[PDB]
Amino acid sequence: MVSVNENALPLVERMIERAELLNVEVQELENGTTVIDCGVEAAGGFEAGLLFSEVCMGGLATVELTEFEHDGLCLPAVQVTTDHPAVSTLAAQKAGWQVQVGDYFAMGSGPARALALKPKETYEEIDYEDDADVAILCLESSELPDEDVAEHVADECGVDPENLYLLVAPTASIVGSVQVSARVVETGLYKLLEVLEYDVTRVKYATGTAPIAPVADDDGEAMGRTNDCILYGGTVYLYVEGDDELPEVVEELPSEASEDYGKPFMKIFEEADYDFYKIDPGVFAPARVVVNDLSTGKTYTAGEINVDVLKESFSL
């Protein structure tokens, strides 16, 4: 048993202690909730982005900087590694909490979801629930959350608001670029569970890479760019206790297994009438997967990096 909230706490404490170094701004709300601004008014940075990503993954993953170089496209990249794949990426990292309090809307991700159980079905499917007296949630938003947003999150997690920590950054920020690319492993795990209905607790180890998107000048375009890093630039290495249907599942895993594949996400979005429900959920996957079946010793691969679409997306 590992606690995603307890294992994320030391990283949060480090971010608070090193706030100036990280360009994050920390404030306490009147209910006692600590809000760590990582990109709304604060500048944040690469280091804030890496820690944000690790906090998001429940302290159960390492997220580090590396380089992406393919077909004359060179970018900074993240490298994500976890030995608790389902729990790190799905019990924590997945943005599965739509947080809406009054006039505030934001997608919430990170270990607090494992206390509030958002959504409940995920936790039943992977058989996980956290027991912790602290709650940590990451909010993707262009606005800092006020006291009643904090109160709501703290309440649903069953903790005192003094023991709630909220990390916040917009999509169009360097922390946005880093933290979204860091979910390259997660999107693979989520598609396995939700779309392909595979038992993701079979996935024992995981590591992956994805380029870091050039920061757009608004959150809408940044959503497209950061998604494209995964769909067209992401590679995931999975190590699985496999079965008979593993080879077929691997062929269905990459983003190219979708009919929506081929264009920058912004164009996929536009052609879907700006409606997420009209997009094939199977398109939200890594460009390239390499899967080692631990029970047979075999390796299955599917998908490719698509530098052309990345160049189109970033206007390069």
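In this text, residue numbers run from 1 along the sequence as written.
If you average the C-alpha B-factors over 237-245 and over 79-87, the higher value belongs to 237-245. Mean C-alpha B-factor is higher over 274-282 than over the other stretch, the pair under comparison being 57-65 and 274-282.
Per the PDB record, 32 has a higher Cα B-factor than any other of 32, 254, 39, 262. In the deposited entry, the Cα temperature factor of residue 198 sits in the top third of values across the chain's modelled residues.
Ranked by C-alpha B-factor against the other modelled residues of its chain, residue 104 falls in the highest third.
Ranked against the other modelled residues of its chain, the C-alpha B-factor of residue 8 as given in the entry falls in the middle third. Residue-level temperature factors show residue 19 in the highest third of its chain, judged at the C-alpha atom.
Per the deposited record, the Cα B-factor of residue 208 falls in the lowest third when ranked against the other modelled residues of its chain.
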